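Beneath this line is the structure, given in structure tokens, with notes to follow.
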Amino acid sequence: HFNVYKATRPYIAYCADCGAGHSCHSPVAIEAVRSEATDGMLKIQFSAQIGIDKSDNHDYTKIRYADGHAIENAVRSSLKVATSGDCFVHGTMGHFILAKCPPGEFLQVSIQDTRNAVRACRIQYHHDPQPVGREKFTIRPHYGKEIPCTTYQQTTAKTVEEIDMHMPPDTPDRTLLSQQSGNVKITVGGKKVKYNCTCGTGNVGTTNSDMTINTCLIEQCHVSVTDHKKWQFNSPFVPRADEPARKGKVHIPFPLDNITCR
Amino acid sequence: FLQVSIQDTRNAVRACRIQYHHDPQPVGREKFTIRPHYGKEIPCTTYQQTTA
Amino acid sequence: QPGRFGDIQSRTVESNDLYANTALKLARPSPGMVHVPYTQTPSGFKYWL
Amino acid sequence: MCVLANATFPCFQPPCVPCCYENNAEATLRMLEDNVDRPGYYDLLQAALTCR
Amino acid sequence: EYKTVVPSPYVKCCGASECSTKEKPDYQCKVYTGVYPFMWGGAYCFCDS
Ligand SMILES: *[C@@H]1O[C@H](CO)[C@@H](O[C@@H]2O[C@H](CO)[C@@H](O[C@@H]3O[C@H](CO)[C@@H](O)[C@H](O)[C@@H]3O)[C@H](O)[C@H]2NC(C)=O)[C@H](O)[C@H]1NC(C)=O
Ligand SMILES: *[C@@H]1O[C@H](CO)[C@@H](O[C@@H]2O[C@H](CO)[C@@H](O[C@@H]3O[C@H](CO)[C@@H](O)[C@H](O)[C@@H]3O)[C@H](O)[C@H]2NC(C)=O)[C@H](O)[C@H]1NC(C)=O
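First to last, the sequence lines map onto chains A, B, C, D and E.
According to my numbering, the first sequence is numbered sequentially starting from 20.
According to my numbering, the second sequence is numbered sequentially starting from 11.
According to my numbering, the third sequence is numbered sequentially starting from 4.
According to my numbering, the fourth sequence is numbered sequentially starting from 2.
According to my numbering, the fifth sequence is numbered sequentially starting from 976.
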């Protein structure tokens, strides 16, 4: 069947603080948190999509994440989501993770890097659940009524939902310029890098292989990997490549459904 | 309170906890919890890592 | 009115037309960042609840 | 009901069948980026990224 | 309850962009001049200001 998560990639966005009070571009940036389920279940949204390995195969243990225009994968274990206490992870698919957290004033998600280094993001969120009914109990009893309530299910059938997707912008880089002696070289690897230089009418246009300048210094030429060929996400932390926009559509998992609470 | 602990030679935890009432309040006129991605810049003071 | 009951009003649950009034405003981005800051009065339905 | 340039083909049977993405990824994506307002989008997306 | 939709910003390297009006509920659009954004590996839009 359709494997829609083949034209999508993890990306790198700007997280407010990475668990230490300092801000840096993390691969596990947190987008909006949705909590319209009565029993108190959250739909946290990553940036680094999970459940699908680097080779675009469904795996229960590998999750993709972006690392400098290069995709790797990390073990699904060590995916820790927490609030004032320590949450419980229910669902896992795509960008979205389901959790039931104790009350608190923030939440963070983190996972080990390829070299086993924690990559965390922390967002301010006032979580305080109130169970359906007229009593503010904590855990379910072994004798009681049944009251209707709503929750997020684990089904991934047709849902009638949308995410806007677009092609990634011209990612800039500077580690690909190497000044040897009065000339620079551009690294390759599949990245059809775009360039713009000021030295002697310069050079406008995109290459696909190595190139030499022979004329000017480093601080005139530039690297702008274009990539394309994969939809990223429509996030406010990463720019667009064109004014009239392109836009796509993907269905989010875990719809909302009726159950009964005790 | 707070406690500090670290393993012995034989991997036995050695601990010590002291009573301490900790309740920080950020500088300014809002008692926010973590820093935003858009705001003002207010001076403060902190301990630096340098050992000069 | 913004911030109270019926800030956004839809003539029917399936109706396409929508009237929203929540004092959405945009602010200049900080130097060296890409974030599109904005400010908005919170939902009127939640405060009515 | 979907259109490509001047094709106007049914969305259920795109002209790229089969392996639309594998043959030409970028062409497939730019194809899907003009049908977002067409009601027959999803069935096109079903066919576009499906082949054995 | 409402839901604020914020599409990704459009940064024009070495140029100027013009705002266009649309028929959307509570639409807001503005253009800011003199930005010098940054990304993870380096700051694109070579033009200084
Ligand atoms: C590669 O980078 C150079 C900058 O080093 C870009 O040149 C810049 O081009 C823009 C418009 O194409 C210029 O903006 C306007 O130019 C007119 C020209 O008369 C001027 O009157 C305006 O006041 C405004 O500056 C900009 O000046 C120019 N910068 C220069 C020459 O240093 C070039 O566009 C880049 N390549 C591509 C393909 O965009
Ligand atoms: C949980 O159960 C409730 C009720 O058991 C579901 O609400 C029901 O949703 C259907 C939508 O298919 C409503 O039908 C609608 O009827 C109106 C006419 O009044 C029509 O214009 C619509 O096109 C649609 O056919 C139904 O009225 C509504 N029930 C009530 C009492 O309002 C709910 O969808 C279930 N699922 C959840 C909450 O996730």
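Cβ atoms here follow ideal geometry from the backbone N, Cα and C, with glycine treated the same way.
Query raised in the report: Going along the chain, which residues of its own chain have a beta-carbon closer than 6 Å to the beta-carbon of A:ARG53, five neighbours each way excluded?
Result: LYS62
Query raised in the report: In this structure, does DSSP put A:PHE273 in helix, strand or coil?
Result: coil
Report task. Examine chain A for any beta-carbon lying closer than 8 Å to the beta-carbon of E:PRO1000, and answer yes or no. Result -> no
Query raised in the report: Does the beta carbon of A:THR169 fall short of 7 Å from some heavy atom of ligand 2?
Result: yes
**Report entry** Counted within 10 angstroms of its Cβ, other Cβ atoms place B:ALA25 as buried (16 or more) or exposed
**Finding:** exposed
Query raised in the report: Could one say the Cβ of C:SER33 lies closer than 8 Å to chain B's Cβ atoms, at least one of them?
Result: yes
Report task. Helix, strand or coil for C:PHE48, going by three-state DSSP, please let me know. Result -> helix
Query raised in the report: A:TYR33 by DSSP, collapsed to three states: which one?
Result: strand
**Report entry** Whole-angstrom C-beta distance between C:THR25 and C:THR42, which should lie under 8 Å
**Finding:** C:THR42 to C:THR25, Cβ: 10 Å. No contact.
Query raised in the report: Applying a beta-carbon distance threshold of less than 8 Å, which residues of chain E neighbour C:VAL37?
Result: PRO984, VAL986, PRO1012, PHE1013 and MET1014
Query raised in the report: Mind listing which residues of the segment 62-79 of chain A have their C-beta closer than 9 Å to chain B's C-betas, in chain order?
Result: none
Query raised in the report: What is the DSSP secondary structure of residue 15 of chain A, reduced to helix, strand or coil?
Result: Past the boundaries of the shown model lies residue 15 of chain A; chain A is included only from 20 to 281, so the question cannot be answered.
Query raised in the report: Got a sec: is the Cβ-Cβ distance from B:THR43 to anything in chain A below 8 Å?
Result: yes
Query raised in the report: Buried or exposed: where does D:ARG53 fall if 16 or more other Cβ atoms within 10 Å of its Cβ makes it buried?
Result: exposed
Query raised in the report: So what's E:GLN1003 in DSSP terms, helix, strand or just coil?
Result: coil
Requested in this report: Thinking A:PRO188 and A:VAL257 are a contact (beta carbons under 8 Å), I'd like their distance in whole angstroms, please.
Outcome: 7 Å
Query raised in the report: What first and last residue would you give for the alpha helix (DSSP H) that runs through D:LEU45?
Result: 43-49
Report task. Taking the CB atoms as reference points, tell me whether A:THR169 and A:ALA51 lie closer together than 8 Å. Result -> no
Report task. Figure out for me which residue from A:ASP86, A:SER66, A:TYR162 and A:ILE90 has the closest Cα to the Cα of A:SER74. Result -> A:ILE90
Query - Within chain E, partners of A:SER243 - CB distance below 8 Å - result: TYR1019
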